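What follows is each chain in one-letter form.
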Amino acid sequence: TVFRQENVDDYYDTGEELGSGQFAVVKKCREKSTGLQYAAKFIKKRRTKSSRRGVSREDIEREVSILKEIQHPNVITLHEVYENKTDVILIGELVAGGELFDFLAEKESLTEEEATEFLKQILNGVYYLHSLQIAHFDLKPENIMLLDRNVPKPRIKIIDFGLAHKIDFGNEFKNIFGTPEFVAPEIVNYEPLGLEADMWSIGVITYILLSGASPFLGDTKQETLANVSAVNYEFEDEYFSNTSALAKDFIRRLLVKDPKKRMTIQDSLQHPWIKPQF
Ligand SMILES: OC[C@@H]1O[C@@H](n2cnc3c(NCCc4ccccc4)ncnc32)[C@H](O)[C@@H]1O
């Protein structure tokens, strides 16, 4: 499939840089005809078929196809797609309040209620996606954006569908691999992947929200991945001594090696704590 090949600068002005991937840079922009503001993700194309730099057209088209399906308050919308010889440019919904990651850094101590307020929204967004058989496969605090950081209960949106796949056959097998601290054991072990991997990532995110510490993190990526595969984490009393047993129960039921035994998205919403590479 082909995208709009007019110069994006004919239709938009760009501003500040909002962030980046390998890979990809995201800039604020403004549509000339409406005055509305967006975020534009510039993804570098592969320059040859044999090249390992840039993103393959297959991978770009998959991301665009998935994004076109989605509309839910807790997920980003896609507005337009442009392309030229070097880039595909995905224009989508600006989320102005920064990363949950940055958030957590400033300040860094969340109550269980602040943590569950974030979590409930993440779970609602993932419920929507999983209902559509979409695995995100890159859930982490860098990919959860706040609409407005200056309100007591910030609203969030899930972003970055660069690794997202449709799961039409219960699992997919193609060596998808995100950030070591957040990937499930099946990703580490190059096993077939399904919606369960996202549920593991949610358990990791929850642990971080409550404690400010990363449960599997080692001194090298190697060591992190080995920790993940062995399910080598524990609840440090220094961080968790006054966290409720139910919060710990929730995380325990997500950080499970066997994906078949791990809580599903529907399970997570009914759980008593929630229910009202190289
Ligand atoms: O991805 C690196 C990042 O750069 C920033 N970022 C990425 N997407 C952002 C956005 N909106 C998405 C609009 C979009 C929708 C659909 C396709 C492409 C982009 N709003 C604000 N900051 C964003 C964050 O700091 C991230 O950690």
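Residues numbered from 1 in each chain as written, not as in the entry; some residues may be left out. Heavy atoms only, no water. Residues with missing side-chain atoms left out of burial classes, pairs and counts.

Asks: Could you give an account of the environment of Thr111, naming the residues involved and the relevant values?
Replies: Structurally, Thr111 can be placed in the loop between α2 (100-105) and α3 (112-131). We classify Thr111 as partly exposed; its relative accessible area is 42%. Separated by 38 residues in sequence, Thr111 and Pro73 have C-alpha atoms that sit 24 Å apart. (Helix = DSSP H or I, 4+ residues; strand = E, 2+ residues; numbered from the N terminus. Buried < 20%, exposed > 50% of the residue type's maximum accessible area, 1.4 Å probe, protein only.)

Asks: Let's hear about the packing of aromatic side chains: which residues, and what values?
Replies: Ring pairs (aromatic) are described by centroid distance and by the angle formed between their planes. A full pass over the atoms with the stated rule returns 13 aromatic pairs. Judged by centre distance (5.9 Å) and plane angle (90°), the rings of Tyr12 and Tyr82 are edge-to-face. Of the two residues, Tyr12 sits in strand β1 (residues 12-20) while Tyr82 sits in strand β4 (residues 78-83), which places them 70 residues apart along the sequence. This pair shows no difference in class: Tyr12 is buried, exactly as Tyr82 is. Relative to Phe235, the ring of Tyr233 has its centre 5.5 Å away and its plane inclined at 85°; by these criteria the two rings are edge-to-face. The burial state of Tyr233 is the same as that of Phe235; both residues are buried. One aromatic cluster is present, built from ring pairs that chain together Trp200, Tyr207, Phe216, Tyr233, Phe235 and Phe240. When the ring centre of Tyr11 is taken as reference, the NZ or CZ atom of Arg4 above it lies at 4.8 Å. (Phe/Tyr/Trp six-rings, centres within 6.5 Å; stacked < 30°, edge-to-face > 60°. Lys NZ or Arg CZ within 6 Å of the ring centre and 35° of its normal.)

Asks: Account for α3, with residues named and values stated.
Replies: Spanning 20 residues, α3 covers 27 Å between terminal C-alpha atoms, matching the ideal 28 Å at 1.5 Å per step. Phi turns positive, to about 60°, at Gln133, one or two residues after α3. (Expected span 1.5 Å × (residues − 1).)

Asks: Go over the pattern of salt bridges with me, naming the residues and quoting the values.
Replies: Pairing between side chains of opposite charge can happen when the charged atoms of each approach one another. Taken as a whole and judged by the stated rule, the model has 19 salt bridges. For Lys28, the salt bridge is made with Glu16, and the minimal N-O distance between the two is 3.8 Å. Note that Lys28 is positioned in strand β2 (residues 24-31) and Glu16 in strand β1, a separation of 12 residues in sequence. The salt bridge involving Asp59 is made with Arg62; its shortest N-O contact spans 2.8 Å. Taken together, the residues span about one helical turn, with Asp59 and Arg62 both in helix α1 (residues 57-69) at a distance of 3 residues. The structure contains a network of salt bridges with shared partners spanning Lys45, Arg57, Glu61 and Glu83. (Salt bridge = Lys/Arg side-chain N within 4 Å of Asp/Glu carboxyl O.)

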